[PDB]
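Undergrad: Dropping a structure here in structure tokens format, bear with me for questions.
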Amino acid sequence: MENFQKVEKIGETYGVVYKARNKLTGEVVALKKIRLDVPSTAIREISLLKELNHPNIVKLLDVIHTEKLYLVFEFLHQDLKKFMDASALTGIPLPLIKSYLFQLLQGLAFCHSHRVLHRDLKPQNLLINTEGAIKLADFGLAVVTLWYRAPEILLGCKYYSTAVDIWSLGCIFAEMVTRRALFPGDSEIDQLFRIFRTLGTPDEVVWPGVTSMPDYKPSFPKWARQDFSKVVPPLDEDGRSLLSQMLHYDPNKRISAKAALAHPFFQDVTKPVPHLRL
Ligand SMILES: Cc1ncc(-c2nc(Nc3ccc(C(=O)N4CC[C@H](N(C)C)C4)cc3)ncc2F)n1C(C)C
Numbered sequence: 001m002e003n004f005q006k007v008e009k010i011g012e014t015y016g017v018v019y020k021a022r023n024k025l026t027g028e029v030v031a032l033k034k035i036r037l038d044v045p046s047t048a049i050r051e052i053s054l055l056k057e058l059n060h061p062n063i064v065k066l067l068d069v070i071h072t073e075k076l077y078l079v080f081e082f083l084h085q086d087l088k089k090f091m092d093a094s095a096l097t098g099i100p101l102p103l104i105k106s107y108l109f110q111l112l113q114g115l116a117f118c119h120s121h122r123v124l125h126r127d128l129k130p131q132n133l134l135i136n137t138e139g140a141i142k143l144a145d146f147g148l149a163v164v165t166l167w168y169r170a171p172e173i174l175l176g177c178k179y180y181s182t183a184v185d186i187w188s189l190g191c192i193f194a195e196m197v198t199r200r201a202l203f204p205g206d207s208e209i210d211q212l213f214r215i216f217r218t219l220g221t222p223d224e225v226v227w228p229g230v231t232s233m234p235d236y237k238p239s240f241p242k243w244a245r246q247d248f249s250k251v252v253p254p255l256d257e258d259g260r261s262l263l264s265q266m267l268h269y270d271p272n273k274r275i276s277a278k279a280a281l282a283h284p285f286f287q288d289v290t291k292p293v294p295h296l297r298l
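Mapping of the sequence shown onto PDB author numbering: residues 1 to 12, 14 to 38, 44 to 73, 75 to 149, 163 to 298, in sequence order.
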């Protein structure tokens, strides 16, 4: 860590993140100081992450095990959240929404093909640059936001799948379009009940095995599903078709990252450059 000069704190569950300059090489980096107490398994788990390289995953440059674990990442200048708040006035243009969605699906397609899950996608851990790229960061690597949590997690599923990232990404997609969070819950039951009010209470019809999941209660209110035209106007038919498949209750019916990439929504996909003020 002596080789690095802290420029500024840029983020603070498990670990703080600093913009920092490599004292030798003048290299500017994000320097993550990880949740102190290293367990041997966590070291081999991060050594697996260093091999997981993709243009839509923030590059882990180095892991400094001394003695206090640091992770040195490629630096990116803004998160999606700040860009969304800076764009809240006319909204992010749809071409740029489509681009960001396609790229993150490509990152997820990659992660998932190697049986790596993110587990905690949100606007705060999606990082953007001046060239139109968007990148996954801060991989969930087993107050916190529940807003992008898949319903299987919230109902107590222990061995959940790659479909949790598709759910989260779908929530992020809707939020980019509408400029309002799709399920802004302030507790697990509120989060869950917000998902239920909008998409209807899941039963064995739409989600086989649901009534036997740990935190499922026969006594949950039974809400009727709302229209998707009510939920994400002004998303077009393709956009809404894709979103509905990313928000299927049954993790096994929820569209994969790979299948999603072939959806007609991306037919006219391009790569716009955003107007970013750094
Ligand atoms: C948790 C984590 N590990 C590694 C990184 C990381 N960050 C950056 N650079 C970066 C991130 C966020 C912002 C940013 O716009 N703000 C963070 C807080 C505030 N927002 C919540 C409104 C704005 C600027 C630069 N680069 C590479 C990384 F690996 N991160 C970030 C997600 C903070």
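From the three backbone atoms N, C-alpha and C, an ideal C-beta is built for every residue, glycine too.
#1: Which runs of the alpha helix (DSSP H) at least 4 residues long sit entirely within the region 231-260? Give them in chain order.
#2: Runs of 4 residues minimum, wholly inside the region 184-232: which ones carry the alpha helix (DSSP H) assignment?
#3: Cβ-heavy atom distance between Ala95 and ligand 1 below 7 angstroms?
#4: Taking 8 angstroms as the cut-off, decide whether the C-beta atoms of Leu189 and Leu115 are in contact.
#5: So, under 8 angstroms CB-CB, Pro171 and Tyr269 are touching, yes? Tell me the CB distance rounded to an integer number of Å.
#6: Using the Cα positions of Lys34 and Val184, report the straight-line distance between them to the nearest angstrom.
#7: How close, in whole Å, do the beta carbons of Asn23 and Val17 come, if the pair is a contact with beta carbons under 8 angstroms?
#8: Would the beta-carbon of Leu133 fall within 8 angstroms of that of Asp86?
#9: Comparing the CB of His84 with every heavy atom of ligand 1, is any distance shorter than 7 angstroms?
#10: Considering Cα atoms alone, identify which of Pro222, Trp243 and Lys242 is closest to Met233.
#11: With a Cβ-Cβ cutoff of 8 angstroms, do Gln211 and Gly205 count as a contact?
#12: Going by other Cβ atoms of all chains shown within 10 Å of its Cβ, with 16 needed for buried, is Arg200 buried or exposed?
#13: Looking at C-beta atoms only, is the number of pairs between the region 49-67 and the region 248-255 that lie closer than 8 angstroms three or more?
#14: Quick one: Cα of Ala149 to Cα of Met1, how far?
#15: Going by other Cβ atoms of all chains shown within 10 Å of its Cβ, with 16 needed for buried, is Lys242 buried or exposed?
#16: Which one or two residues does DSSP pair with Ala140 in a beta bridge?
#17: Would you mind reading off the limits of the beta strand (DSSP E) that contains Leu134?
TA: According to the structure shown:
#1: Whole alpha helix (DSSP H) segments, 4+ residues: 248-251.
#2: If we require 4 residues or more, the alpha helix (DSSP H) runs fully inside the region 184-232 come out as 208-219.
#3: no
#4: yes
#5: 6 angstroms
#6: So the two alpha carbons sit approximately 27 angstroms from each other.
#7: At roughly 18 angstroms, the Cβ-Cβ gap does not stay under 8 angstroms, so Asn23 and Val17 are not in contact.
#8: yes
#9: Under cutoff, so the answer is yes.
#10: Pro222
#11: Yes. Within cutoff.
#12: exposed
#13: Counting C-beta pairs closer than 8 angstroms gives fewer than three between the region 49-67 and the region 248-255, which falls short of the contact rule.
#14: 25 angstroms
#15: exposed
#16: Beta-bridge pairing links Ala140 to no other residue.
#17: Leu133 to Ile135
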